[PDB]
Amino acid sequence: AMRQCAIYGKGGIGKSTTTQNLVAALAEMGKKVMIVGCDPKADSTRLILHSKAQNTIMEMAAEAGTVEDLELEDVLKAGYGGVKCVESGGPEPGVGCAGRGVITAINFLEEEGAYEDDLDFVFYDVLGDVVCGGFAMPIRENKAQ
Amino acid sequence: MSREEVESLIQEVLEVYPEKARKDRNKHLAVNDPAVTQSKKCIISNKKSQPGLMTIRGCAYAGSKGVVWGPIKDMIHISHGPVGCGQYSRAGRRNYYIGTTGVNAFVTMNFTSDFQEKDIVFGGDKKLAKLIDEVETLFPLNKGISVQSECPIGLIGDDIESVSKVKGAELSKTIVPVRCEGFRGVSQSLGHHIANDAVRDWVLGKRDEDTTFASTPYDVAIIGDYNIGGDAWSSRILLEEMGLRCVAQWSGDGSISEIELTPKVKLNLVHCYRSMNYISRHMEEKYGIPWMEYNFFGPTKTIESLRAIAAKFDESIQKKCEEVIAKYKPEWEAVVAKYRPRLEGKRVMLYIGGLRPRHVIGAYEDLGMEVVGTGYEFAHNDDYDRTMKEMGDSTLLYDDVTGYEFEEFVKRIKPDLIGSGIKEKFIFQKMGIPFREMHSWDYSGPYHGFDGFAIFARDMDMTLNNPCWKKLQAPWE
Amino acid sequence: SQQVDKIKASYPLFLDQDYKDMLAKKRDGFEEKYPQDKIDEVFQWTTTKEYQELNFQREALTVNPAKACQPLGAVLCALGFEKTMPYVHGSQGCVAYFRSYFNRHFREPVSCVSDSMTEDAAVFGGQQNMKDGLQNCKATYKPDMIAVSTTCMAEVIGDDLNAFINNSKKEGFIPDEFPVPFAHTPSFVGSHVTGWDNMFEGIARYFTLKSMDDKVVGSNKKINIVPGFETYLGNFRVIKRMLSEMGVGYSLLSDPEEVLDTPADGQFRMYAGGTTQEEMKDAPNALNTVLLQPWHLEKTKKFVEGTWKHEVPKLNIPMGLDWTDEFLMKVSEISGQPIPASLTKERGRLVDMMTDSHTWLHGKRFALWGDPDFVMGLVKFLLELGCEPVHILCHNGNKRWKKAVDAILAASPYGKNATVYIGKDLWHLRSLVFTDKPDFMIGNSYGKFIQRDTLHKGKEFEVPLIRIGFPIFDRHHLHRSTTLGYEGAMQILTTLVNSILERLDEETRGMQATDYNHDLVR
Amino acid sequence: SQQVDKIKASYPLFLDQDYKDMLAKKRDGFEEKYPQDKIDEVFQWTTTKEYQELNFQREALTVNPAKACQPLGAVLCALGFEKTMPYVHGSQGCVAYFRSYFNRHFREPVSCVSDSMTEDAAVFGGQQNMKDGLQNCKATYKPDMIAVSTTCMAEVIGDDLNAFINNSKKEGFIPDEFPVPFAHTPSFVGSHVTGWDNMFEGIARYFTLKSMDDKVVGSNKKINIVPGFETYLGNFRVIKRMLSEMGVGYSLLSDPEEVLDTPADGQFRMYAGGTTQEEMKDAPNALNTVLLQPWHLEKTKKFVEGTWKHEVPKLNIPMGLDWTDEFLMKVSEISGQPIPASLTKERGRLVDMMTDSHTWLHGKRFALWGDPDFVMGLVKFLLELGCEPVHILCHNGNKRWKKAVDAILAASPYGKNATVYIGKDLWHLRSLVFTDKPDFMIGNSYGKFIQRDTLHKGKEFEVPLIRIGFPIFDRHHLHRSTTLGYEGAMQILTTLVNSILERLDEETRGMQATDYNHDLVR
Ligand code: CFM
Ligand code: CLF
Ligand code: SF4
Ligand SMILES: [Ca+2]
Ligand SMILES: [Ca+2]
């Protein structure tokens, strides 16, 4: 019943914005949605929360220990139209696969079941520039249909 | 609690007692006045106990065998008399020691003549003799033997002094006869004395003509410490780090030899005044040695003592005295920082033997603790003197308090924590008032010294702020 | 030094280098201690068969006894009666240890007083300490009854408890109908168990001697039960439970099971439950009187059979499968109540357990000790399990007993290497465990040392102590245990087999050495 | 060699010089084992913080789990019903381990069967293995009811238990009214506790789904009690006991407390007591239904609230002082029966104990593990005691649970250093105990090893395991223990404090070294 979509595309071309507005309009209709930023730039939610830059998992996780050290309470935020959004987290410069930071963010949401929740949609804002195995993550784990 | 209020309490309490008792008791209860310097003007002490009132006192034997002699590790102590006494006191006092048990040290051991129907009838002066031989044969490495006489010995004219002289001479071994028969005196005190004397008469002056012991201008001896849970050792280390050289410990982990070299010292450091002032005053006459009393309970009193002691020597000592205090300042302070809060403003009530009842106050105040009432189980008037100076104003003072008494006072005063003996520990716990054995450190300690305080605090804490206390009252009540 | 974050107490504080180097000086410097090598010599010597011979020849010296004096038991006994205050007529120092002793074993408040007799009374007794004493006590702790016992002194100078008490009533120090039973309890006679015997007897008289006329055996359809000197709460209980489950009407004479386990609800009770006086007064009307621990209730059986005219049965302390059966049966016979399916099952289960783990208990040498009944019951049970009670010691036992035990031992293949000793102490036992080494010791805390020693000689020599008995101080709440009946059997059986397995694990925990026999399933 | 007089078994037989020099050759000669010095290297490595990091990053590998599959629980549950035979529809090998597992833990006979499905059925399911199976079973062990569960296979190839069962009735293999409830139990989903949940639910339906018309909540004045997956007999009992002592009418749904402790009287009972079917049928009429171990009874709470329409309370497993209070209370509220003085006292006592020995328990770091309810209750209680449950692991737990626990930890000063882990196994715990060392581990026998390891590193590193949980094989009859209620609290409290003291003794038994702190009185 819950459709899992992911928006892919080159950077610097309003992708994140279109996506967010799409979700916004999607909200008015009455559909409960959730966005998960997978763009290393980390800015896929700003337009819904009004925030300048949401707290990425990878950030708060390194301020708690491993991962399940924190709780969706400060990772998942509800902005306009009750939308729930979380930003994965940019990979550590030089060391770290962007894809990695994604899975960990998904699997976390999976664990605290941020999914099973009347969600009709879930959009994975994914940067599709150098389409590597890293950015391909959401598709490989088969979380994006 | 006001002064005119406390006074009233004591009266309301004595209303239960029968005339005669109600009188003697009225004399053992008072409301402290830090001003007075003469106790005799408000509280009388060291008098026979009233019958049937359930006191916590003990007997000479305990005050002798269990209090002073039993602690010496190399000698063997004989509980002369029925098996009773010997058995209960066995390893009951945690006066620690270092040594191979059963071989060259015997403290957590019970040696008794075990009197029987006939030993009472025909006297057991005979048995005692035979005994010693058996002793001497099975525990060869023993460096001495004592004979703490239990209640029946003196009652049947037996004569141990002789047997001793004889057997001792006959075996070229020391043997001390102690007339610590429970009926003598009224507390554990008369035992101390009796004991002290004994120590002098048969052991002390054994090395007066002998001058092979190489002394130093910094020799001292700790008199009055029984290394309860290691108290001694914690105190000892400070004195030595201070540069000094302690030749002996009475009787904590002490040995007969250590005792014998006591006259070859420059200064006598007495902790439990009431327990061994007797041997000190003597050592001052028969040896011209000076004796001062110190206190190592709580950083404050400790520091204060360390200096007052260094002040009896040169610079080399007084400089080190400061080096020490320096070293430990970071530790004791760090401790106060952690626990002082968790205790600030909590009122405490004490009732112990003859020294701690006051000696520990400092330590308590050092943790914002308030001692609203203390008292002695068997202390003498001179003890309460030194006392009234430490206890605050309008506080409560009781001598040889009675079970009933102690119980009622606690009910009114409602202290935040009670520190007393084991025959109490359990009473007040059922009433829901935290309790700590001020006698046996509740199997913890040590409490003396710097490394001690650390624990003293930690303990007062754990027990006072333990959750269990918030659960007495049932939810449906 | 101390890390405010991780404070060290006595131990392992003194393991710190400074403390180490500290005590080292003190030793070499003023202790004049025997060169280690000597201490090691002498020690090794004591663990030999030669030392044993010399040891067993002791006559006047006693090292580490395993009994206490009479009063200790008189006190305990007295505690089993409603609002009764144990009163020990003698030196006060004694009462001190009494309470002090029990407290450590029960971790509960022991209420008891003394008429603090002193030196000034060693000539004219204490006809006054009694007068004032009884009055003070009665008005202070307002008890319903005061049982009087005596201390060493009291007996040596010889005071007539009866007289003194009769005068304290006459002279008006205490009402004339105020119950004040009494009994002489000389320290120098028998052990503490003897005190209990006496004391109890003393109370029995006070309520049934001067009034056996309107009494008629069997008139109440109840059975009197005298527990004797018992220190395991769980026992008093299991007895009551089994009987109540059997529909038998009973009257437990001397029940301290309540004052020894008062709850912590904010208020202190100095008294709680216990045998009512009426229960005692009526006792004579009981169908019969059973003695749980006969071997130290002879002075009571006498009085009971002699006065009350009851046909006390020849029963053994109900421990282990066998005896407990006999107990239940005899109880039936008397009461006329069939043994309920309930117990028939409890039993069956106790047997299950036995079969479930004999393999481990079989052929296991034990050295044990304690009181007469207790010890013999423990012996009996170990035999029912297939163990070899090699060193049955019992300081306060007598010859007549020793025989009965040997009789029990001789009736079982598992008693071939069994030896019973009486009059001997724990220092003797110390040797018996070095020369003829068992696998465990079943006894009180005083035995904790014997263990230390067995280890000092070597790991392969250490004999683990299994605390069961009295007194117990190095462990908590074991006094809530149960040794009597089938419930008991089970507990002990478990405390055993597991103690065994407990140790076998320790011996095979060595990584790549003996950890091959560190099986998961045992 | 052997001395017919003193025969040595596996141990210490192989410590004999010949066996030593025997294995030595075998090693050097054909094992091609890594030079010791390496083994010592690698080992040391695993005890490091670095190894931990690497260890916690495991994803596909699981070392030493701490859960079992569903069926194991479906079996146990089914055992709680009168003449019910646990039937596992799947490969026979499974049933083998099942019985075999429980036997080791209960040391009792576990009765359970299997319709031995094979390879020849991996294509056309086992619609026949069911037919013949149900018939054979029913006619052989003549049970009153047969509960059906499933094994890994059965589910993967997917068989419709319902259908197969409906056909076995239709085709006439077993009567049409013969009770044959069922529940699917995929090994690959949740742990064993989940099986129980399912199974139970599956039975609940079979007796109440098709007949909720004549049912009316509160009509019987009873409270249903669902124990969930419980392996400590003593529990089932204490519950019954407390309630019966409270005058409350109850109906324990799924009571295996009888077939798991059948007595040894000469005859074997494959069945014994247990929840009657009528009890289940009527359950709906119960005032309400309390879940003892909620955290793994969600599929039942649903059905219960959803169908029976009961208002199941929000209660925690009744362990420790606090929760047990809440349990008794809520029970009162429902039943309308006051909490009897009896329990008011038992409680008070539990508290006495706590105060009697907190000093020793205070500030004691523990690392524990087990099942959801059990673990959290253990955690809760340790906090009521003043201990620091540092490593709360629970392989079969979930996130929702972890939160509830952290909530419990956060509400106590004694929970500062507490960390809860789910999904992690015993190999993880192994590291947690090396890096951030506790003072004891409270868990099942699988932990006996972790201890061995902590010791291999050193005595000062060893962490004593305290057996409390499931399964337990290296000790006997512990399954008769009790963890629930006040009775339970007490047991645990003792097992604890004593385990502590037990070890302190061991650390201060060294003659003339640390034996100075080997106090007699503690
Ligand atoms: S009651 Fe010390 S005067 Fe004596 S046994 Fe203790 S309060 Fe003693 S310090 Fe001592 S180490 Fe003691 S605590 Fe003076 S030796 S008769 Mo009970
Ligand atoms: S005042 Fe000893 S206990 Fe007493 S009745 Fe004794 S053998 Fe038994 Fe008491 S303790 Fe002993 S007799 Fe004493 S010297 Fe002091
Ligand atoms: S998969 Fe892509 S993002 Fe991840 S590490 Fe390789 S290149 Fe960098
Ligand atoms: Ca208690
Ligand atoms: Ca069995």
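First residue shown is number 1, and so on along the chain.
Recorded method is X-ray crystallography, 3.2 Å.
Cβ from N, Cα, C; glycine included.
According to Swiss-Prot, the protein has these features:
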type    : residues             : note
BINDING : B:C59, B:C85, B:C151 : [8Fe-7S] cluster binding site
BINDING : B:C272, B:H439       : [7Fe-Mo-9S-C-homocitryl] cluster binding site
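Structural mapping of features recorded in Swiss-Prot.
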| residue | record | Cβ within 10 Å |
| --- | --- | --- |
| B:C59 | [8Fe-7S] cluster binding site | 34 |
| B:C85 | [8Fe-7S] cluster binding site | 34 |
| B:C151 | [8Fe-7S] cluster binding site | 32 |
| B:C272 | [7Fe-Mo-9S-C-homocitryl] cluster binding site | 21 |
| B:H439 | [7Fe-Mo-9S-C-homocitryl] cluster binding site | 22 |
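In sequence order, the binding-site residues from B:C59, B:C85, B:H439 that place a Cβ under 8 angstroms from a chain C Cβ are B:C59, B:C85. Under 6 Å, Cβ to nearest atom of ligand 2: this is the test, and of the binding-site residues B:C59, B:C85, B:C151, B:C272 it is passed by B:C59, B:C85, B:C151. The shortest Cα-Cα distance from B:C272 ([7Fe-Mo-9S-C-homocitryl] cluster binding site) to any of the binding-site residues (B:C59, B:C85, B:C151) is found for B:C59. B:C151 ([8Fe-7S] cluster binding site) and B:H439 ([7Fe-Mo-9S-C-homocitryl] cluster binding site) have their C-alpha atoms 25 Å apart, to the nearest angstrom.
Here the Cα atom of B:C59 ([8Fe-7S] cluster binding site) is found 16 Å from that of B:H439 ([7Fe-Mo-9S-C-homocitryl] cluster binding site).
Checking the binding-site residues B:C59, B:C85, B:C151, B:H439 for a CB within less than 6 Å of any atom of ligand 1 leaves B:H439, listed in sequence order. DSSP classifies B:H439 ([7Fe-Mo-9S-C-homocitryl] cluster binding site) as coil under the three-state reduction. Recorded residues B:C85 ([8Fe-7S] cluster binding site) and B:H439 ([7Fe-Mo-9S-C-homocitryl] cluster binding site) have their alpha carbons 19 Å apart, per Cα-Cα distance.
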